[PDB]
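Enquirer: Here it is, the structure, as structure tokens.
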Amino acid sequence: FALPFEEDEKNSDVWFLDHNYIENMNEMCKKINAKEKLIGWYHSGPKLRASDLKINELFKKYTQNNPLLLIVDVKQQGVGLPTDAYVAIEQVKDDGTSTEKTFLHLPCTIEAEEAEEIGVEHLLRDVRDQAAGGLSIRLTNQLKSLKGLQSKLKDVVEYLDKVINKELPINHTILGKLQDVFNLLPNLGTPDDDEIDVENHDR
Amino acid sequence: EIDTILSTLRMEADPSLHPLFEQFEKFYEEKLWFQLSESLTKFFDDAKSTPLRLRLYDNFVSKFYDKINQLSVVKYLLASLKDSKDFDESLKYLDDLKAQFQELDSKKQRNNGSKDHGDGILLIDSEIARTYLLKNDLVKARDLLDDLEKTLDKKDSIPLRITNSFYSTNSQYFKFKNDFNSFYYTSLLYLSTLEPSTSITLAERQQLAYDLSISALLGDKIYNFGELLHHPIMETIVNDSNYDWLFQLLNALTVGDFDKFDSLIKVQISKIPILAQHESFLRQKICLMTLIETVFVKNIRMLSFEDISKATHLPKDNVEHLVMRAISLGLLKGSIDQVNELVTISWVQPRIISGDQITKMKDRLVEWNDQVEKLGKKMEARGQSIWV
Amino acid sequence: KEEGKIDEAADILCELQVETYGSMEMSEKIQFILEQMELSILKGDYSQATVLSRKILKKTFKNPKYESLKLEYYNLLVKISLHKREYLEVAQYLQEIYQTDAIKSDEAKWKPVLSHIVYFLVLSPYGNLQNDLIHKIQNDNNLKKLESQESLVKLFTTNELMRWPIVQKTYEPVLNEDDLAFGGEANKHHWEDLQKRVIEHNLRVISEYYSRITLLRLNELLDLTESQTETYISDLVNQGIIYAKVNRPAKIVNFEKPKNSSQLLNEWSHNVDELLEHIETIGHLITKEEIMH
């Protein structure tokens, strides 16, 4: 549920959040369901700000858990991720740098409630983006997946280009993941790859 | 009251320390004692070598410790028993001020409704352990360090300043034992979390530096070398004779040149006996770095023996023994064959990533991307009209 | 004992004392039985000694009043075992003594007790009992109070390729002035055991790291003929410690467990699955890094 909020375009680290409304909400909704307690706050998106780092310290005080930041993309310019989930944590940061406050991405999954499923299918009257039913749906899907793999990979090309040309700081986590990618890359002429070929005859 | 003592201290002090006494009395008259902390710290940098810091600090600490932060009292405390020769002497202030802060946290805090004091205890327990290491009671210090470490994990908001002291006390401990690897990792935490308002002079940077570097060369699993180029402590200290060769030895190690390495070590055997007695470890270390570096940038993930034989400039017999160590340490992982005369690795260990490494990583994804696109075009065209 | 009848004399008394008595108090019974074990060793009968050992219970010596007795009992019990050449049981017996308060407190009583535990842990012939036990001695810093002992245990624990005379040379003057270890006339066959033990560890090393290696090269590594080597490869293929295939022609020895068609196909699915995960998280972190910058 919404809360009152205000924002400034002169310095962007100037804002209003109302605490008094928050107190009243908690009282009311406990009775509705004893399954609603404070678990964090949504930020309406479409993007993560660095100003959301400061706003986070308010919600960290209100509830004793690290508070979830939930980006709800309502402008939907990304073909995946309509929801991104972020929990602010503190970690020591590459390139000789301090303990910095950061937001670490987690799985942002939908699995749905029982309650929810019933209205969702009902409203639905489309053949769905992906459902993976007949062969027709999965032949579409295979070709969709390939475009998918390429799109992620493209952004990565441009990151490595920019470290060595346009001086964004070197983050060894992203370089390290690529090492791991290359060590789980099947090599032709190994016994693993050769087996794939034989199995294709058999299927 | 306190006026006479300061007046005796100023007379003993140099004319260049004279205005700093004047400011203590000037600020006292105003009745701002925060301005007083600022001045006091300055004095103790330039007058730790005179014995006059051991009497100046007590007078201020034992009135104000609540009209000044906990950080201020400990700031003074560290500098005072910094160069002190009697550890029995040293132990007694640490205990007296520990008991003081405990009492403070029950009374002030109710009345103001503000202000913690239990932070100050934490930092004293570091300094008791630090004092134990210096007596050559290494073991004892380690029992309090575990106890403080547990206390720290209770907290979900741990300060920089406090853990900086703690990572420090721990880093001194390992190098007294001459554990090179243990020292280097724990020191990397100390350097990274190092505070902006230091307790570290330019001379103390040199002495720390040296310990960082020696460990680096004399390691056996340390192949992160770029974090001495991402810390000012050793990065801009390289213009000293002592730190000229000491830096060079790292560059030699990094780039896998055997010509440069040979030239350098000849001098450092006769001069330094820590480099001398460990010269065997150090020598095989250069050779292991060649193996992993050379296979990464290549898109293959195997190498022949014949490649290595040329690469490390040693026999084919040596290859067996060094490549074997590489599996044990866990630098590399894989299968070794002598019949087909290969070593085919399945892993490379993570490293700190210099500019050339990133270029090769880039050119790999340009190859990849172009394939996905060609495989895709053919499949969009074939069965274009059937997808229902 | 003095007459020729030491065997006969011991035999009578053990028959008496293997019948518990209620007129005997707890301390007396326990102390008396310990004597009867010593006499079965002198008899030459080691079966009789196992029986007497188990007559008295282990959980009766976990009282502090019976601690005087507890030290005598586990020291005896090693002797019986050691003769029977059970090296695992001895190392586990001596460890009990090591934990004893009396031995630990006084800064010289603990010293040879630890030395002895090292020699039998090493002499034991693999087994997963070896791995846990020997890992406990390693974490202790009372192995950092002796400089001889640390080198020996660590050299047997860690994965190292090494040969017999180099190791033999290191330990030849050191452990020979220590009896109840390697110094004795029968324990010249526990120095002889030491050779097998380092080459039994080599085979474990050699099998993981090296898939296919020449039989010829392997011969010089265990420092024996081909005939001897091949037997000793076989012992550990049967006891399941390694899987190997050895060719008599001296073509190869293929140190491996052979995969099947399915295992290769399974292993190639995981590589491709896990890959995909890494690609997707990377893009998450590009967005973060640039935004904060």
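Sequence order for the protein chains is A, B and C.
Taken in order, the first sequence gives residues 52 to 254; the numbers are from UniProt numbering.
Taken in order, the second sequence gives residues 6 to 393; the numbers are from UniProt numbering.
Taken in order, the third sequence gives residues 148 to 440; the numbers are from UniProt numbering.
For every residue, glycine included, the Cβ atom is placed at its ideal position computed from N, Cα and C.
1. Please name the residues in the stretch 210–231 of chain A whose beta-carbon is closer than 8 Å to at least one beta-carbon of chain C, in chain order.
2. In the DSSP output, what is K338(B) paired with across the bridge?
3. Looking at C-alpha atoms only, which residue of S187(C), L368(C), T247(C) is the closest neighbour of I159(C)?
4. For a contact meaning CB atoms closer than 8 Å, what does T150(A) contact in chain B?
5. Could you tell me how far apart the beta carbons of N306(C) and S333(B) are, in whole angstroms, since I believe they sit closer than 8 Å?
6. When you compare the CB positions of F171(B) and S131(B), do they come within less than 8 Å of one another, or not?
7. How long is the line joining the alpha carbons of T372(C) and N366(C), rounded to whole angstroms?
8. At which residues does the beta strand (DSSP E) containing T114(A) begin and terminate?
9. Decide if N222(A) is buried, meaning its Cβ has at least 16 other Cβ atoms within 10 Å, or exposed.
10. Since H156(A) sits in a beta bridge, which residues does DSSP pair it with?
11. Return the residue from the list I73(B), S85(B), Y195(B), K315(B) that minimises the CA-CA distance to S149(A).
12. With 7 Å as the limit, tell me which residues of the stretch 183–202 of chain A have their beta carbon closer than that to any beta carbon of chain B; keep them in chain order.
13. Would you verify that the beta carbon of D146(A) is, or is not, closer than 8 Å to some beta carbon of chain B?
14. Can you list the residues of chain C that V353(B) reaches, using a CB-CB cut of under 9 Å?
15. Which of the three DSSP states, helix, strand or coil, is assigned to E346(B)?
16. Would you tell me roughly how many angstroms separate the C-alpha atoms of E167(A) and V123(A), rounded to the nearest one?
17. On the criterion of 16 or more Cβ atoms from any shown chain inside 10 Å, does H336(C) qualify as buried, or is it exposed?
18. List, in order along the chain, the chain A residues whose C-beta lies closer than 9 Å to that of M173(C)?
19. With 8 Å set as the bound, which would you pick, yes or no: does the beta-carbon of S358(C) sit closer than that to a beta-carbon of chain B?
20. Can you find a CB in chain A that lies within less than 8 Å of the CB of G123(B)?
21. Buried or exposed: where does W257(C) fall if 16 or more other Cβ atoms within 10 Å of its Cβ makes it buried?
22. Note down, in chain order, each residue of its chain lying with its Cβ closer than 8 Å to the Cβ of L132(A), except the 5 sequence neighbours on either side.
23. Report the residue from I163(B), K80(B), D142(B) whose alpha carbon sits nearest the alpha carbon of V143(A).
24. Please give me, in chain order, every unbroken run of the alpha helix (DSSP H) with length at least 4 that falls completely inside the stretch 290–328 of chain B.
25. On the DSSP bridge assignment, give the partners of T150(A) in chain order.
26. Using the rule of at least 16 other Cβ atoms within 10 Å of the residue's Cβ for burial, across every protein chain shown, is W392(B) buried or exposed?
27. Given a limit of 8 Å on CB to CB distance, which residues of the stretch 361–375 of chain B reach chain A?
28. How is the beta strand (DSSP E) around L119(A) delimited, first residue to last?
29. What's the gap between the Cα of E236(C) and the Cα of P405(C)?
30. For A183(A), count the other beta carbons within 10 Å of its own beta carbon; 16 or more makes it buried, fewer makes it exposed. Which is it?
31. Start and end of the alpha helix (DSSP H) containing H336(C)?
32. Check the Cβ of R210(B) against every Cβ in chain A and list those closer than 9 Å, keeping chain order.
33. For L89(A), which of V130(A), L120(A), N234(A), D135(A) has the nearest alpha-carbon?
34. Which residues share a DSSP beta bridge with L68(A)?
35. Please decide whether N234(A) counts as near chain B, where near means a Cβ-Cβ distance under 8 Å.
36. In the DSSP assignment, what residue or residues form a beta bridge with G91(A)?
Expert: With the given structure in hand:
1. Interface annotation for the stretch 210–231 of chain A against chain C: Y210, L219, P220, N222, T224, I225, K228, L229, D231, criterion Cβ-Cβ distance under 8 Å.
2. Answer is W352(B).
3. Here the closest residue by C-alpha is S187(C).
4. Listed along chain B are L165, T198, each with a C-beta nearer than 8 Å to that of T150(A).
5. Yes, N306(C) and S333(B) are in contact; Cβ-Cβ is about 5 Å, under 8 Å.
6. The beta carbons of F171(B) and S131(B) sit closer together than 8 Å.
7. Annotation: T372(C) to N366(C) spans about 6 Å, alpha carbon to alpha carbon.
8. For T114(A), there is no enclosing beta strand (DSSP E), as DSSP gives it neither H nor E.
9. By the 10 Å Cβ count, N222(A) comes out buried.
10. DSSP output for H156(A) lists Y137(A) as bridge partner(s).
11. It is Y195(B) whose Cα lies nearest to the Cα of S149(A).
12. The residues in question are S187, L190, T191, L194, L197, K198, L200, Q201.
13. Yes, its Cβ sits closer than 8 Å to a Cβ of chain B.
14. Going along chain C, no residue has its Cβ under 9 Å from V353(B), so there is no contact; the nearest lies around 15 Å.
15. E346(B) falls in the coil class under three-state DSSP.
16. As the crow flies, the alpha-carbon of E167(A) is around 18 Å from that of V123(A).
17. With a 10 Å radius around the Cβ and a threshold of 16 neighbouring Cβ atoms, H336(C) comes out exposed.
18. Residues of chain A passing the Cβ test: none, with the nearest at roughly 57 Å.
19. Chain B contact via Cβ: present.
20. It does not: the Cβ of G123(B) has no partner Cβ on chain A nearer than 8 Å.
21. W257(C) should be labelled buried.
22. The residues are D124, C159.
23. Taking the Cα of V143(A) as reference, the smallest distance to any Cα among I163(B), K80(B), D142(B) is reached at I163(B).
24. If we require 4 residues or more, the alpha helix (DSSP H) runs fully inside the stretch 290–328 of chain B come out as 310–317.
25. Its beta-bridge partners are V143(A).
26. So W392(B) counts as exposed.
27. Hits within the stretch, in order: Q362, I363, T364, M366, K367, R369, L370, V371, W373, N374.
28. Element bounds for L119(A): 119–123.
29. If you draw a straight line from the Cα of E236(C) to the Cα of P405(C), it is about 35 Å long.
30. If you draw a 10 Å sphere on the C-beta of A183(A), you find fewer than 16 other C-beta atoms in it, and that means exposed.
31. Element bounds for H336(C): 335–356.
32. Chain A residues near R210(B): none, gap ~14 Å exceeds 9 Å.
33. The shortest C-alpha separation from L89(A) is found at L120(A).
34. Answer is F56(A).
35. It does: the Cβ of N234(A) has a partner Cβ on chain B nearer than 8 Å.
36. In the DSSP assignment, the residues bridged to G91(A) are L119(A).
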